Each structure stands twice: as structure tokens, then as C-alpha cells.
């Protein structure tokens, strides 16, 4: 009498799929009622479905940190077994339970990146250092207007040089409040802070100008996601390519789209703004089939599909692009770098999309 | 009346294929007389064959820097056209002309890496700085015994700190002459050179201990090879997979070998000696199918086949390994790094295999 489980299943079907496509009308059939459908004949899929739905519920009911880990580990052991004998069992089911298991570990997104930032700059007295920033004569209006990426830099400055040091940059703070980090970043390279700590300062300032954590991404922590794509590939390699019948490829970029995104693919804009290189090129560039793909990853947030484009990405990487990267082509590494950005940032904008407290 | 061309062809068939397998008896049929065979019906292949053979001849007759570039550019334009319409033309031919065009640019290996090294350390008075090393009381016996990788480091020391500075390391030079760079590298970390220039010194010393240019590979120049694998992939992606018939896959690792190299694949030794990590693992490691491949690349020097394993490497990279790298798994990047070593080093040991002067 699993009845708590039936409660969990009800919870899935009624309540968590609309988060999964993230769209009420776009492809609801897949998650609302293809996956539950498959879930019955395959226990790894039911286990994944229950564990994911249970993690989603914990946001409200306290309860069940226990059952999530149970169905987690059931789903994993069974799915490990399920891979080796694909004849006995559907592959759409294996793909589903892949993507679901991903989104589940994605919801355990405990990596809060501000800690990571000061990890990098200094090398407890950690939390509640704000008491003297927003409760401060001149840092209030600037901190009160900033976004979270730039609030981080200002907090980093206070931790380095105290509430009353940061208050000294009258011209820059009037500029940051004024949003011209275009040249507010300019006025900060002439700071005697920047002279005495140039490495920390330069990477703080690009954070203020850009928004993205570009300067710090290379040494970033990011790894709770990574372990789950380790085993996840295991089940891509099993099932690829997918049976002519199986519901997945069609949904796969409307099956590519006769490269319709490529006709103005040159014409889509950076969206990263950091590569800032060669990227005005037309067709005759080995980057396009794979920069167009990144555009498509960036271009849509529907949670399941974004994960789907990731899960399928190594079975679809350009043989001519993979070849460059394997050589060591700088553009290749610097748009695979940009992929570890798209990824790390997608979790940041999903768990920021999701309740944290309050 | 191309008769100089017939001379070139004769030159190919009689004289350059045994360099191409690098083995007189191992697979001579392919190059000695399958490739000439195909060469007649396809002009891109004949053009590549002539251009390659002509570059090989220039080593003796002065003549023809001209005809090499001619057949080069003929082969390229025609091969560009030949790719788009594979129905009209064999794919073994396209693969051949790929590999041959590679080995041709490989023979124009003008990158001499000592210049690259001091590029890195300082940032003309370039050549003939030796006059005061081997013609020097105490540096003679050490320089006279060293190999070329370690002669480079000693020369780097003289350029930094003069003939008579380097002569000061009596204990280390007795040790380097004594070949215990095991701890001769130890005695050099306590040098007041190393104190005043630690960055340059540390990377000099690992060069002395290791042999490989590990410390300097990351900032190395290496690029005359790279451009040719750019377009080379273009013709892998066209022809992959190869027609059930075409002579190539069979030769492809005896078609893999039922993973026979994998049964003691854990058991093959580093050969890099720099990864030095995890590499004692057994099977359950996503690195193996691709570290076993690197072993196989390292394990055989037959020039054509080594190039063949490279040309085919992106159509064969592990989907589970490619997936990690795309994430950013450190082991993945640090054994793709080790691949840009195998590559850069293969040219170094082919053109060192080949006549330079004298």
C-alpha cells in the first residue's frame, strides 16, 4: 500500500509537469501524459518520476528527504540494469528518466555562487556582511538599485576593504547608480584599490560591467550538475540513434528544422557578449552549426527541452567542430567554454526562477 | 607532356611509400600500390600524390618549390569540389588524399621549438648562442651528454644568465651529467636563480627532469599542422561512415580488435607520465576507451596509420567521453591536452626522424 507514493504520483501529474516544459501549452503531451504513461511498465521511470516529484514537494512539506533518496537510488540501480538490455524495454523511457534525474539533481542546486566568488579572491565570518551596505548612507541607493550579479561585486569590495572604504568611490557609485558601467568601469581602473590589488580589481570590474561572471567562471566551483551528466551520457550512448518510431527525434528541433535557424544564423546576436569574436561571420566557418546550436539552447528556457538539447548534444556535435576542439583550436575551446557558461547559468536562472525563501 | 610529373610519380612509387607506412612489409599494398592505383581515376588524388612526392624530393634536388605548391592547390580546389558529389567518386580516394595532404604539410615542419621556448620565457641575437656552452670547461661534458630536450633548458639558462653564470651549478651539473634529474631537479629548487626567477626556473627544471615540454606546451606555438586538419575534417564528415566495401575500416584497428587492447588496457603504462592520475584504474572509468585509443596512437609510429587514427578520431570519440569534455570534466580536458601532446610530439619525432642538414 505505497499510498504516499500514489500521493507523489498525483503530485507529479497535476503539479510538476507544467514546470517541466515550463510552458502550459507547448508539448504538454510529453510530460503531462506520455511520461506517466510509459512510467507504469518501467520501474526505473516510475522511480525517477516519484523521486523528482517528491523533491519538488519538499519545497512545501517537510517530511520526505527520505523518500527522494530512496527512489533516487532505486531509479539509478534499476536504470543501470535497464541500459544493458534495451530489447526488453523502451528507450523513450530511458531518455525520460535521464532528463528527470538531471532536473532532480538540478533542484538540489545548493551551490550559491557568491561564496564561490570570495573563494576565488581571498582563498568563519562569512554570512551577514551586508550590515553596513544597504544600511549605509551612500551605498544604499546604489545597492538598492543594482541587480544580483553586480550586488555581488559591491559586497566583494566591502569584504575586501570595509563598509567605509567602498563608500569612497563617489564618482563611480554615482555612475553605477546611473547604470553607465560602460564608463563607470573606466573610472574604476584609476582607483588606488585597483593599483594595490589589480588582479582582484580587474575581475571585480568586468563583473560590474558585464553581469556574467566571465572573469570568475574559469575557477568556478560548478560540479553538482556535472556528476549527473556523467552517468547520463551512459544512457545516451546506449540508445543512440533512437528508434525510427520513438517519440523523441521529431521533437528534436522539429527534427533539426531544415537548418532554418541557419539562414539568419550569422544574423543571431551574441547573447554571450564575451566571445565577441569572428562571430559576425557568415556560413564558411566551422563554428556555425555549433554556434547556431548554442543560440537555440540560449533561445529557449523550457526546462525539459533545454535539458534535452544538452543530453543529445554529444551525439550531435559537428564532426568538423569536434575535430578542431580535439586539435585545440582556440575558437573551439572558447565556445566550449561558452557552453559551460550556458550550463552553469541555466541552473542559476532556474533556481533563481524557483523559491529560495520568503 | 607532364614528364617531370611522371618523374615525380616514379619517385612516389619507388621511393616515398616506405616512409609512409614507415614499414617495408606492414601494409605496403595500401600505399605502394592501392593509392597509385586509385590515383589515376581521380585528379585530386594524383595531384596530392605528386605534390607530396615532390616535397619529399626537394630534400635532394633544389628545383621545384614551384610544382609542390601547384599540385597542392590543384589538389585542394579539386578536392573541395570532390567532396560535395561523393556518388561520382571513391571515398578511399578522398581519405588517401586527406592523409597525404596532411603528411605533406607535416614535412613543411619549419616550427623549431627552441625559439618557441624562449618566446615564452623572455617575451635579434637569436641563433649561435652556443658559442660558450660546448666550448666551455664544465658545460662541455654535461651538454655533450644531454639529449635535445634537456640541451634546450641548459641553453635557455645561458641566454638568461650567461655562459659563466650557468657554470656555477657544480653540484647540479655533476648530477645532470650523472642523469639523476630525479634529484638534480631537487638541488635546483634551492638556487638563487630559482628564487629571483621562480616561474621561469620551475618550468625549466621540469623540462630537465621530464624530457617532455610539459611546462611549456600550454603556451606553445604549434599551428602549421592545425590548419590542415581544419579542412581535413571536412572530408571525414563527408565520408563517414565508410562504404561497407571500402578498403579502409578493416585496416581500422584490425576493425577495433574486439577491444583486445582493453583486456590489459588498465595494464598499459603511462607513456605520458604527466597525467599521472587515476590512470591505474580498471574498467569502470569513462577514460578507458579513449585512453586505450591514445595508447594505440602512442604505441605505433607507422606514419600513415598514425595519421589515419588521427583523421578518424572525431568520428570515433566516445560519446560518453565527448560528453564529459563538453561539460568540462578535468580529466577529459587533461587527456585532450595529452592529445595535443601526442600530436605536437609526433611531428617533432618525424622531422627529427627526417634529415635536417649535414
Cα centroid separation, region A:244-296 to region A:68-105 (Å) = 30 Å
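Please state the relative contact order of region A:1-120 as a whole percent: Cα pairs under 8 Å, 6+ residues apart? Write out the running numbers ahead of the final one.
Details: 96 pairs, mean separation 29.9, N = 120.
Reported relative contact order: 25 percent.
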Relative to the other copies, what are the label-point distances for residue B:2, with labels 7 Å from Cα along the C-beta vector, expressed in nm at one decimal and sorted shortest first?
-> 7.2
Among A:56, B:249, what is the fewest-to-most ranking by other Cβ atoms within 10 Å?
-> B:249, A:56
Alpha-carbon centroids, region A:1-58 and region A:299-355: separation in whole Å = 26 Å
Cα-based Rg and Dmax for region A:61-189, in Å, come out at 23.6, 70
Average projected area [Cα convex hull, chain A], square nanometres = 21.3 nm²
For each of B:6, B:175, A:46, count neighbouring Cβ atoms within 10 Å of the residue's Cβ, then give the residues from fewest to most.
-> B:6, B:175, A:46
For the protein assembly as shown, evaluate the Debye formula with one uniform point scatterer on each Cα (no solvent term) and list log10 I(q)/I(0) at q = 0.05, 0.12 Å⁻¹, rounded to two decimals.
-> -0.33, -1.43
Tail fraction, Cα-Cα pairs, region A:113-217, threshold 20 Å, whole percent = 31 percent
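Give, in whole angstrom and from largest to smallest, the semi-axes √(5λ) of the equivalent ellipsoid of region A:252-351, with λ running over the eigenvalues of the Cα gyration tensor. Intermediate values should be presented prior to the final figure.
Numbers: eigenvalues 77, 52, 42 Å².
Each semi-axis is the square root of five times an eigenvalue, giving 20, 16, 14 Å.
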Region B:4-107 - Rg (one decimal) and Dmax (whole number), Cα, Å | 12.9, 40
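Calculate for chain A the 222 nm mean residue ellipticity that helices alone would give, adding -39,500 (n - 2.57) per DSSP H run of length 4 or more and normalising by residue count, nearest 500 deg cm²/dmol.
About -18000 deg cm²/dmol.
In this analysis, Cβ positions are derived from the backbone assuming ideal geometry, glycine residues included, and neighbour counts consider all displayed protein chains. Every read-out reported here was derived from the displayed coordinates using simple, explicitly stated rules and does not represent laboratory data.
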